[PDB]
Amino acid sequence: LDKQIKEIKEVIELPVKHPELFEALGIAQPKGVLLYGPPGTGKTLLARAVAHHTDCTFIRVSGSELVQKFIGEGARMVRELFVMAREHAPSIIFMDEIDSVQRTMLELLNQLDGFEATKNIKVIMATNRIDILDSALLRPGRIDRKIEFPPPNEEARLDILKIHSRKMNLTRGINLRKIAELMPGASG
Amino acid sequence: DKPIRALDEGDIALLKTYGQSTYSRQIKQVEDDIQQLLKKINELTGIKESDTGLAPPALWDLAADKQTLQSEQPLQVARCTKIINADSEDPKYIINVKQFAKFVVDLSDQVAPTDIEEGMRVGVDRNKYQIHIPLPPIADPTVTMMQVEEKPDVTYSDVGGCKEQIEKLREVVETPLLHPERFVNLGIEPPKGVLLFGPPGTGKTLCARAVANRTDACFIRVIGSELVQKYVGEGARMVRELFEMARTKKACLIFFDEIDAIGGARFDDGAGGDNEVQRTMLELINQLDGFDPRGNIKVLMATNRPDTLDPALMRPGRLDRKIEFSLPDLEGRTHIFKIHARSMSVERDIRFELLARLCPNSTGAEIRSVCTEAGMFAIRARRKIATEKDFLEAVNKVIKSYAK
Amino acid sequence: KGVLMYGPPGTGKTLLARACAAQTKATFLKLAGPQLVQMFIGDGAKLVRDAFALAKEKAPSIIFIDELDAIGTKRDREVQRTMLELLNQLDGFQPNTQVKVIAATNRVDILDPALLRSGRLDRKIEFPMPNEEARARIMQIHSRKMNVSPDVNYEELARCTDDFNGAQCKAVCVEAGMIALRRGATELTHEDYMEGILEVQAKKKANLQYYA
Amino acid sequence: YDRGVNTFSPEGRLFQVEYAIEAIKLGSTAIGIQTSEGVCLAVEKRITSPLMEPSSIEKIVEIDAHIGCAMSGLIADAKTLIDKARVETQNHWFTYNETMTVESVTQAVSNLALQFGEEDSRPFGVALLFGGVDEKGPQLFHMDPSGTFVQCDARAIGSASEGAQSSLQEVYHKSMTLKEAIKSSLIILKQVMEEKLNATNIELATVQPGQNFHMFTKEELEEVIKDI
Amino acid sequence: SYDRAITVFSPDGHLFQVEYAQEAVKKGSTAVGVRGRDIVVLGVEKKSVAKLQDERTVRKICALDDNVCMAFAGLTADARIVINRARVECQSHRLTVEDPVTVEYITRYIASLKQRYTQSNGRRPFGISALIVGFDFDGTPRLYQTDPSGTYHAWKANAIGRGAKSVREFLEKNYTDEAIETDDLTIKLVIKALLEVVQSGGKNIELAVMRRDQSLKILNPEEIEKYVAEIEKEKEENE
Amino acid sequence: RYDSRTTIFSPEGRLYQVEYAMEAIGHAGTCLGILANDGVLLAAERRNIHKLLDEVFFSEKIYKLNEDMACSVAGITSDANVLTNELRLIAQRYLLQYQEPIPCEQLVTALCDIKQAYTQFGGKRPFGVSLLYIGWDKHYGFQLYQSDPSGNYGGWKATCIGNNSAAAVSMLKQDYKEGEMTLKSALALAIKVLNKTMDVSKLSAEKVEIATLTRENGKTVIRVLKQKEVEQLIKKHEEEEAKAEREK
Amino acid sequence: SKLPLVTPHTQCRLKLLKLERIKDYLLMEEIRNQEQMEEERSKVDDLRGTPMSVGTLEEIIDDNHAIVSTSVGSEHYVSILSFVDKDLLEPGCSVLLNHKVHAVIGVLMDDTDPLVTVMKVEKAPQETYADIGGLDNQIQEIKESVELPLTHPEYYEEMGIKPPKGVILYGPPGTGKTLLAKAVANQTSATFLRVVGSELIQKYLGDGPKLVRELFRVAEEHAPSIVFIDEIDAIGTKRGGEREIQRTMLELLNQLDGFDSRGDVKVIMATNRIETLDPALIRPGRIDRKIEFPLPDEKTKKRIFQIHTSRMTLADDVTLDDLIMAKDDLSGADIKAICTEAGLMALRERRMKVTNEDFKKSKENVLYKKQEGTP
Ligand SMILES: Nc1ncnc2c1ncn2[C@@H]1O[C@H](COP(=O)(O)OP(=O)(O)OP(=O)(O)O)[C@@H](O)[C@H]1O
Ligand SMILES: Nc1ncnc2c1ncn2[C@@H]1O[C@H](COP(=O)(O)OP(=O)(O)O)[C@@H](O)[C@H]1O
Ligand SMILES: Nc1ncnc2c1ncn2[C@@H]1O[C@H](COP(=O)(O)OP(=O)(O)O)[C@@H](O)[C@H]1O
Ligand SMILES: Nc1ncnc2c1ncn2[C@@H]1O[C@H](COP(=O)(O)OP(=O)(O)O)[C@@H](O)[C@H]1O
Ligand SMILES: [Mg+2]
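Residues numbered from 1 in each chain as written, not as in the entry; some residues may be left out. Chains lettered and ligands numbered in written order. Part of a larger assembly, values for the part shown. Heavy atoms only, no water. Residues with missing side-chain atoms left out of burial classes, pairs and counts.

In the PDB archive, cryo-EM is given as the structure determination method for this entry, at a resolution of 3.62 Å.

Caption draft 1: A look at the pattern of salt bridges. For the structure shown, the criterion picks out 84 salt bridges over all chains. Notably, a salt bridge pairs D:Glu162 with D:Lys25, separated by 2.3 Å at the nearest N-O pair. The exposure class assigned to D:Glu162 is partly exposed, which follows from its relative accessible area of 43%. A relative accessible area of 32% places D:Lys25 in the partly exposed class. For F:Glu178, the salt bridge is made with F:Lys157, and the minimal N-O distance between the two is 2.6 Å. Here the residue F:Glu178 occupies a position in the loop between helix 4 (165-174) and helix 5 (183-197), and F:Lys157 occupies one in the loop between strand 7 (153-155) and strand 8 (159-160), the gap between them amounting to 21 residues. Accessibility expressed as a relative area gives 32% for F:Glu178, which makes it partly exposed. Overall, F:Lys157 belongs to the partly exposed group, its relative accessible area being 35%. (Salt bridge = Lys/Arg side-chain N within 4 Å of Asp/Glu carboxyl O. Buried < 20%, exposed > 50% of the residue type's maximum accessible area, 1.4 Å probe, protein only. Helix = DSSP H or I, 4+ residues; strand = E, 2+ residues; numbered from the N terminus.)

Caption draft 2: Here's a closer look at the site of ligand 1. The full set close to ligand 1 counts 17 residues, and B:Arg318, C:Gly10, C:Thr11, C:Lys13 and C:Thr14 are the nearest of them. More than a single chain frames ligand 1: its nearby residues are located in chains B and C. A distance of 3.1 Å separates an oxygen atom of ligand 1 from a polar atom in the backbone of C:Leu15. C:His142 has a polar side-chain atom sitting 2.7 Å from an oxygen atom of ligand 1. Where the shell around ligand 1 is concerned, the elements lending two or more residues are helix 1 (13-24), helix 5 (132-142) and helix 7 (166-183) of chain C. Split into classes, the residues belonging to the shell around ligand 1 amount to five nonpolar, seven polar and five charged. (Near = heavy atom within 4 Å. Polar contact = N/O pair within 3.5 Å; in protein donor to acceptor, adjacent residues only side chain to side chain. Nonpolar A, V, L, I, M, F, W, Y, C, P; charged D, E, K, R; others polar.)

Caption draft 3: Fine view of the site of ligand 2. Residues and elements named next belong to chain A. Residues in close proximity to ligand 2 include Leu-1, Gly-40, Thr-41, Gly-42, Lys-43, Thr-44, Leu-45, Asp-96, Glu-97, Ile-160, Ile-163 and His-164, which together make up its full environment. Take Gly-42: an N or O atom from its main chain is 2.8 Å from a nitrogen atom of ligand 2. Between an oxygen atom of ligand 2 and a main-chain N or O atom of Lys-43, the distance comes to 3.5 Å. Relative to its unbound accessible area of 540 Å², ligand 2 is 68% covered by the protein chains. Secondary-structure elements contributing two or more residues to the shell around ligand 2 are helix 3 (43-54) and helix 8 (154-165). Residue classes in the shell around ligand 2 are distributed as four nonpolar, five polar and three charged. (Areas by Shrake-Rupley, 256 points an atom, 1.4 Å probe, with all protein chains shown as cover.)

Caption draft 4: Up close: unusual backbone geometry. Look at the link from A:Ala89 to A:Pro90: it is a cis peptide, with omega at -5°. Structurally, A:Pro90 is set in the loop between helix 5 (74-87) and strand 3 (91-95). Residue G:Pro51 is reached from G:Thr50 by a cis peptide bond, and omega for that bond is 0°. For G:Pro51, the position within the fold is in the loop between helix 2 (39-47) and strand 1 (52-57). Phi at D:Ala160 takes a positive value of approximately 55°, unusual for a residue other than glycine. Relative to the assigned elements, D:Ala160 resides in the loop between strand 7 (154-157) and helix 4 (161-171). With a relative accessible area of 40%, D:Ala160 lands in the partly exposed category.

Caption draft 5: Just the sheet that holds strand 1 (residues 31-35) of chain E, in detail. Residues and elements named next belong to chain E. The strand order 9-1-2-10-11 describes an open sheet built from five strands, whose pairing is antiparallel. In the strand order of this sheet, the two ends are held by strand 9 (157-159) and strand 11 (216-218), each with one partner. Here the average twist between neighbouring strands, direction ignored, is 15°. With three bridges joining them, strand 1 and strand 9 adopt antiparallel strand pairing. Looking across to strand 9, one finds that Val-32 is bridged to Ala-159. Here helix 4 (residues 161-174) sits on the sheet in contact with strand 1 and strand 9, set at roughly 160° to strand 9. (Pairing = 2+ DSSP bridges. Axes fitted to C-alpha atoms, helices over the stretch in contact; angles between N-to-C directions. Contact = heavy atoms within 4.5 Å.)

Caption draft 6: Main features of the nonpolar core. Core analysis: the largest hydrophobic core is formed by 35 residues, its most contacted members being B:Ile220, B:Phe256, B:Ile259, B:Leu284, B:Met301 and B:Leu313. Elements supplying a minimum of two residues to this core: strand 8 (218-223), helix 8 (234-248), strand 9 (252-257), helix 9 (275-288), strand 10 (297-303) and helix 10 (311-314) of chain B. One finds G:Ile168, G:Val212, G:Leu215 and G:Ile229 within the second-largest nonpolar core, a separate group that totals 29 residues. (Core = buried A, V, L, I, M, F, W, Y, C linked by side-chain atoms within 4.5 Å.)

Caption draft 7: Representation of the interface of chain E and chain F in the model. Facing the 31 residues of chain E at the interface are 34 residues of chain F. Looking at the side of chain E that touches chain F, the elements that each hand over two or more residues are helix 1 (16-27) and helix 2 (76-96) of chain E. When grouped by side-chain class, the residues that make up the side of chain E that touches chain F number 12 nonpolar, seven polar and 12 charged.

Caption draft 8: Geometry of the packing of helix 8 (residues 207-222) of chain G against helix 9 (residues 241-255) of chain G. Residue and element names in this part refer to chain G. In contact at an axis separation of 8 Å, helix 8 and helix 9 are set at 20° when each is read in the N-to-C sense. In this view, helix 8 runs roughly parallel relative to helix 9, as classed from their interaxial angle. When the axes of helix 8 and helix 9 are compared, the crossing they make is right-handed. On the side of helix 8, the interface is formed by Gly-208, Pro-209, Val-212, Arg-213 and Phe-216, while helix 9 contributes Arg-247, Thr-248, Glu-251, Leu-252 and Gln-255. A class-by-class count of the residues in the contact of helix 8 with helix 9 yields four nonpolar, three polar and three charged. (Parallel < 35°, antiparallel > 145°, perpendicular 65-115°, else oblique. Left-handed = near helix turned anticlockwise from the far one by under 90°.)

Caption draft 9: Quick peek at the side chain of B:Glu234. Here B:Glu234 is to be found in helix 8. Beyond its immediate chain neighbours, meaning those up to four positions away, B:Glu234 contacts B:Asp140, B:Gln229 and C:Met39.

Caption draft 10: Inspection of the pairing of strand 6 (residues 131-134) of chain B at higher detail. Residues and elements named next belong to chain B. With three bridges joining them, strand 5 (residues 122-124) and strand 6 adopt antiparallel strand pairing. By the bridge assignment for strand 6, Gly-123 is matched with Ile-133. Taking the residues that link successive antiparallel strands as the turn, the strand 5-strand 6 hairpin has six residues, and the phi of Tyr-129 there is positive, at about 60°.

Right under this line is the structure:
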């Protein structure tokens, strides 16, 4: 997958490398990112990778802790993650599987509307399935694009194989090309 | 359209500059230099002294400070327990230096054994832990500010239309403490518990504040939500020192406001729920009327849902007298308008009765708000006197805006 | 070894416990249900066990539980564990030595499973709403100090005071006294008692045909 | 205890139709007075938009010329009750060849009011005022979603009905002439609803024993306007 | 009590379900109709037929009888079934009854239909409202509207929520007690309301005018654009 | 939770059940109606491409009910079948009481009214089936219409329903043709749109079902394409894309 | 402390003049010169011989004796020296002790309570009346009840009013409700306390109402302060969650008025659904004012771009009036996206300056984000 890298870089790596462009053209910096695609398939693999190249602090949050479901601490836990991230600026906050309760959603929207971009602190929240809630989150000041993760193509799946193929040995003629085409539509 | 990609690092250098070349480099250098020079100034100035400070110099030090420092004993706090009294000459005392240890100690020769009871929260010396001084029992902190410690600026004159209500309330709460001689000579025991109930905004809390002002004795305010605590049994414990603190006073008033918060009737079909609150409410019931008679602790109780209260708490003996508050009538509305408008800057020519009969069943709080809004109407014109017109327009605004 | 006192509030259970303490001369231990809950993990169990130990060490002793349903709630596990400690103390290996226990509740239905067991509470004593003659005796008792006019028919007051509990009747006498004070009366009469009942009895309710 | 009408509340009441009584509060106020000189009914409008046809609000409607009718509630159930009343009166005339006395109208309307939970629905959130001049002289009745009906010397029903009813009780007695009763109702309405009264924001209707026709008032309120 | 059932009262007497029906209408698009000196004129807006979709199937207006037409806003399925019911009712009443139909009777009928389908559980109320025009008030024009709550009223001019909030205020500010001078000024006021409407580009705006003596007439997009340009010019010299 | 029953209204005034139905067709199929002239066609892809499914009826997505009517199906199969039989019964009744072929619009509106009625009343569930029909009549001749569970009928020059409908409608806006747009151009457009909507390369014939109506046969005829002609169309599309690659 | 703000943000030599003037003043401030050219400290600091320990005090027995506890938990009855600020010592504070005899030797800067440390929001200097487009009716109304009572009580003091104790702001989301109240805090000197109603709903039995007490306690020591309750409707609407929310609501009504005194703090609440909250909130005796926030109209919108488009580089083809005509379709928060998306849009055009077409390709993308229904 290649298109994912560019748009995430333009929305995360770019706001990290050249803040002068957004002040020179007088814009509020982009604030949020949201990922559509099958669960995983480079979803976390992308977010973890971009944080390394920007060297900002990465925050990993599962969808499970998001849905404590007995009014656990959703009201304030969101803030506690946010404040610590500001303390370690620049930082990247990542959450996964938003599809996995309404009150803390409103809480997150208010924080998303309220926190300042003065610290290169951004939110990348990821999803697996096409949900009715997901289309409602795409709002001003919260998220700015719709990165898509398609199932890997034939040559694409071959590259995935080659990524883990370095360690593995081989016979006198292992053609990964022919192996690649045997799984149409398989995920990453 | 035509597909495109993001910016190139080679592009960005000129693209950020290109058109903007007039003052951009200079302005940026000035900005960053300003920032770093400010950081310099902050450093060269040094750390801003976080010194808390002391009292102003003219008052303090003296040789007496060093004197008491060198002379006085650094006494340690502890809890006494179970006087031995085996030989009754030196009866021996077991104390608990809380967080530290437990000990068997004696008294200093200054303090008499009759001055020590069991527990007693006694402080001891640091070397041999002799009993050196008795200390007041530790009232729980959050219970302490619950004491009002100040009289609100309201008298019974402010309360209007509730004349029989305040009459019975003074009969039950103020009369026995001011004039105990009437009851005993006749030979009756006055009531000790009052429940005030009515619609929201009827003026119950106003009578509460009026009583607290005219009390002249110790008065403690309670809001029903305060006793709710997340720890189990903490609310009941809190009620316990709340009552014991009151007993320490020479007669005292206790005021719960909206006891509905915890006073809910006991229920079981939920297999759980608010039973933790119910335990606190049971402790309260036990405190008002049970073993160990309450003493001269009159209890004032106000709530919007008298129906919802548990019958056991609702029982007379704990709540001896029920006082009903109703929406003011035309006479009551005129009286309350007279009350609030008196302090306001108006012409002494307004037809208060016209305003009142123009007023529907609107509560007393509505009267206060309408008077304030008339004052606001006057202020918006910067008229240093209010007008009757302002009162009317406030009536339309408030009453009809809600009645829309 | 176990006597449980139950009934609607105002029947006088606490008063009977107080009198029993008054006359017995024995070591008397009084406590309410909320006094045993606590927040610490074992604290309530320690209080129950240690109170039973003190009752033992004092030998002939009586323990009084008031509003037992506080910890007597049916089978938040902390209150459950304290209650279980309570029943095991009540039953006891080498049971009860010479320690008698008295419990008072207004709601039996919350107690249920095993606290009401015949072993732990041998006698269940029901406190009914006072009888008419009982109500007359009630008003006699509390008026003894109040110097009432002799021309008062307490049987008539009992006729008026239906559904009244003992506490409400005492409040009726106190209200008669306060009404006499409002009149500034040297002595109080039958009329004052009637006004006392009229103010005590009930909310008197609204117009009961226009309801729905 | 709110799922349906066919369930008794713990106190014996019904917390489903008691809210139907509460629905009367959200309706506009209406005034009805019975006098020996005649029966008059007053209805408040609170003009909602100048574009509306003022008479399009059916809160003043006639079921027969000897009788009057007024409304306070949801206008839909109101029109249902109105139609039912016209139907019963017309059928009573068709069978008996005489006017349906107002008490019989109020009783017979109420049988439809008694269908919320006893056939085999929901009470209609409408409270009505009837005024009739018949074989028992001038008559004014009131009926409510609970199905109870009462002959009234005077009555005020709707929003702010309580204060109007109280003031009318203080002023009215059962021996006034009709005109002073209308004046009292008019001043009470002028006090309560919006402002200086006029045909746009208030409606008036009155029927007489000697004039068993035309309760309605159409721009003869101008006398009221110049008077009150 | 809550709003989960059709026939249940709120504890303060409100019926939240019918209020939700009115609000579901309120999300429906602009619909404003007026009655002029003699003619009644309506304007359909916000259709926004996007390229591939055809505007013929939109049914911007349906005529119940030769003296009454309707379109409704909200749900097109409910609008269609009510159109069929009203058409059948008016035609059958005119065919069967000894005397023909007037717009008042069909107004009562549709109000009763909404009240009926609103009256019981297991039967969803219509989520549509419409503004009724009649020719035969003894030959005079008259205008009603209908509401999901089974409610109807008569207006000199009426609008519904999405068009109400702006356009209806604009009308109550502008509406002259003198009836719009001739059908020319009637269409002029309709075009002015469309100007108060969101977009007024003419890409999907269509109008139908009925003279209360002549039968219903349908306006072409070219005439609508000409009227819009005339109104824009009139605002232009208004400076 | 205000989505339980079809007859209730939510505090935002929307019908979650009917929206759930729309989303149910959201993954039903990829059936499309082609923009065409001189003849109108439907194109359908089957998610039942398998080595052992028999397709005994020689068609599982298309269903013909007239000498001038036909329909393509994507949704719940049982609802689809009962709806098609109901359409057959409506056509029979109209032909019996009129002795005339039904107008297409009247028929589809009748079905949409029945669907709306099924949604309106309690204890009843919306037909989660959207199906496309074509017809020629004496009112408007060539006609193509779409229907949805809510009881709404959509008239379209071209439309596609089912999964990945967004890409199909976007390209049909982009690759749109008007007027002279013959049936063969419609075949090419349908081939292209199904190749893009599907993830496959060299779209296999057994994964597509296509039928059409022709009016040069003005006595009127409806044809369902076999495997060979569809394969020839696939080869034509392949050579077209090969030429486009040669255009670089 | 902070520097003043340059007047024109536009690249110009006037801004150069202002920045060089501030540079000159900062250079005169630049400490080096002064850094180039007894009994009180010697005695008392000897009395508090180093090292010093910090202890928690909750008692005052005499004016020179109290109970003090240290971190390990032990409690000590110790003497207070003369130089300790008597008013500063109150229960729960942290007190410095002498390391030898634990005598109280001074009060300390209180630094604890992290939750309310978050709660005392910044001065909100980033928000200002100059950043708000044409909310004239709201401004004067909010000036009546909030800003003026906190600025010149003289009118209220003279005329005899008790100023209103609470205001509720209602309007569609993004209309600027929060921005106005924040701007009031900047406009006034009062400290700003912001809280969103969803957060105070707490799992444990009693903390929810406790936080309400915790907030209005925090407001009181700051004296002039603003408490901002955002999206109040979560705790106020209609009706084991049921009882606690009622209990929480009632706590507000007891701190929004009720018993005792309220000092000076003003309360501002915001919500989108005024037609849903409890009548107790709508109670025109409890809450004196309810402010309306309509969707921005034509004139208000034009100001909004003027506020938001002030910072980018524009073309002469931009027609702001055209982007305004349609309706009150979008709130200002949406219009912020209009600027932001366009800024990104023109950036994607590889131009650092925006054109009208960029705004059209800014307006559409904002519109597709809307939902679908009732076709
Ligand atoms: N039989 C009785 N004889 C005398 N006084 C009685 C009697 N019953 C009740 N009372 C009165 O009841 C008052 C207090 O009620 P008491 O607590 O004893 O009753 P209860 O029903 O056990 O209440 P609770 O369980 O709430 O404690 C006493 O002051 C006493 O005068
Ligand atoms: N495009 C890809 N190339 C290589 N590995 C991948 C790809 N997509 C997913 N993975 C595998 O997925 C794992 C990372 O988790 P991922 O699937 O990206 O997200 P999640 O943690 O949500 O499942 C890695 O172990 C990696 O091997
Ligand atoms: N009868 C009255 N007399 C005078 N003032 C009243 C009366 N009733 C209400 N008010 C005014 O309205 C307010 C009512 O508050 P209150 O009803 O006591 O609050 P609570 O809801 O705690 O009972 C008071 O501040 C008072 O100024
Ligand atoms: N009238 C206005 N003037 C200036 N900015 C506005 C206006 N309306 C909205 N905004 C923008 O919207 C944001 C404020 O949103 P707001 O409506 O306070 O959120 P909420 O709806 O949660 O209260 C600010 O960032 C501001 O840029
Ligand atoms: Mg007891």
